Amino acid sequence: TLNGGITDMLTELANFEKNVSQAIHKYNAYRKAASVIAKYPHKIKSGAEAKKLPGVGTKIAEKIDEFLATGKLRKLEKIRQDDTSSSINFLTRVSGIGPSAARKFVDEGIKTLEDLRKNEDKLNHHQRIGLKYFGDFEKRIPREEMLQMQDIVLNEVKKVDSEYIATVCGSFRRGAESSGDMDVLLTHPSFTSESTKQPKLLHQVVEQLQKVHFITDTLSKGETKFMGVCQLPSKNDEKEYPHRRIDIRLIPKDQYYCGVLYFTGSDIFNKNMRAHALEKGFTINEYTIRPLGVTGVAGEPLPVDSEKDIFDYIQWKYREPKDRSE
DNA sequence: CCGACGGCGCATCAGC
DNA sequence: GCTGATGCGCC
DNA sequence: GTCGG
Ligand SMILES: [Cl-]
Ligand SMILES: [Cl-]
Ligand SMILES: [Mg+2]
Ligand code: NA
Ligand code: NA
Ligand code: NA
């Protein structure tokens, strides 16, 4: 972290634009600049030096010059002092409360943790659980715990049906020493792009993880995506482990590589890679890579037998998961 | 200048 | 009920 | 806010 000061500044700006301004492209612009600066292997001496990086323009260069000169950004100083902006930013830290709901709550005079707690009746289910575990959800997960969580999930899935394959993706697969949550990609031979030969494939897995008290709450759940909460078991007399967020995504088995590419991320890496695909005449999602016809309409799925096949199509050298932490 | 900016699952709501 | 928009989430 | 044409 040679440039932690700058990247933190840009992240704060991004969060302001997302949460308060509701300007999603400005949010993406700031995070893209933070990410490109984050991997730049020199301690940045000036805005002009930064502007040479893709994603960094005149405005960010100017902000970087102010930040280097003074150690701060007046624009952010003012944002931090602003009660409404501060309140809105706080509320969005609850899972299920986004920029729109946060601003609505603040309009109603709900703007602190205490306010939320006494107004549970005003929260949807997702928001209710996000509040319940507010503190827990902001803690990181040590890789050692991620390994214990992996062992439980893979073993319980095996107990349901030996043909399931569960793969922990997200920051974990990129080799992170700590993760924000647990992401599990799931496949089963009965669910392919050609057919669904068994119903409840995701449900049966969630059910089993609930039965053993690993999954403790549900934020949302459909045929192919579960979003919930889980907890490691603790030993006699041991303090409990924090509750953790868990996402499970069931992907057609024949679309595993696009699926695991997607779910491995990072999010910015995916945006960068998908944008590069477009420039190359392809579109990539978690299922397929397809060509763009002249009209600019997606064609048929291209054959994919490896993650690397996808990089090849868009003329990128392969990048190992550990090198996708953008 | 100016359009594009990644792609999509689930929850919720408006309109019919 | 449905469909389509929108909010919020995931990487 | 930044880029590409
Ligand atoms: Cl915007
Ligand atoms: Cl597709
Ligand atoms: Mg994750
Ligand atoms: Na630049
Ligand atoms: Na939130
Ligand atoms: Na996740």
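Residue numbering restarts at 1 for every chain, and letters A, B, ... go by the order of the sequence lines. These values consider heavy atoms only, across backbone and side chains, with no hydrogens, waters or symmetry-generated copies.
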Quick one: which residue pairs count as a side chain to side chain donor-acceptor pair (under 3.5 Å) with a foot in residues 297-308 of chain A, not counting sequence neighbours? A/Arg173-A/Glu307, A/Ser306-A/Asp309, A/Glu307-A/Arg324, A/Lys308-A/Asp312
For A/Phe269, answer base if it contacts any base atom (sugar-phosphate contacts may also be present), sugar-phosphate if it contacts only those atoms, and nothing otherwise; contact means non-hydrogen atoms under 4.0 Å. nothing
Checking all strands, does A/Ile284 fall into the base, sugar-phosphate, or nothing category for heavy-atom contacts under 4.0 angstrom? sugar-phosphate
Under 4.0 Å protein heavy-atom contact, by nucleotide of nucleotides 5-11 of chain C - B base, S sugar-phosphate only: --SSSBB
Shoot me the first and last contacting nucleotide of DNA chain B against chain A, ordered 5' to 3', at under 4.0 angstrom to non-hydrogen atoms. B/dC5 to B/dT12
By side-chain hydrogen bond (donor to acceptor under 3.5 Å, both in side chains) - contacts of [X] (at least two apart):
X: A/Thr112; value: A/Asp115
X: A/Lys221; value: A/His203
X: A/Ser325; value: A/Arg174
X: A/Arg143; value: none

How far, in whole Å, is B/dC8 from D/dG1 if one measures between their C1' atoms? 25 Å
Please list, in 5' to 3' order, the outermost nucleotides of DNA chain D lying under 4.0 Å from any heavy atom of chain A. D/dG1 to D/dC3
Just distance, no hydrogens or angles: give the donor-acceptor pairs under 3.5 Å from side chains in residues 209-216 of chain A, sequence neighbours left out.
none

Which residues pass the side chain to side chain contact (heavy atoms under 4.5 Å, CB included) test with A/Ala38, not counting sequence neighbours? A/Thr7
Partners meeting side chain to side chain contact (heavy atoms under 4.5 Å, CB included) with A/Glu238 (sequence neighbours left out): A/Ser234, A/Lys235, A/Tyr241
Salt bridge (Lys or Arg N to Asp or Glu O under 4.0 Å) partners of residues 186-198 of chain A, not counting sequence neighbours, each pair once: none
A/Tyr313 vs A/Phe282 aromatic rings, parallel, tilted or perpendicular, using cut-offs 30° and 60°? tilted
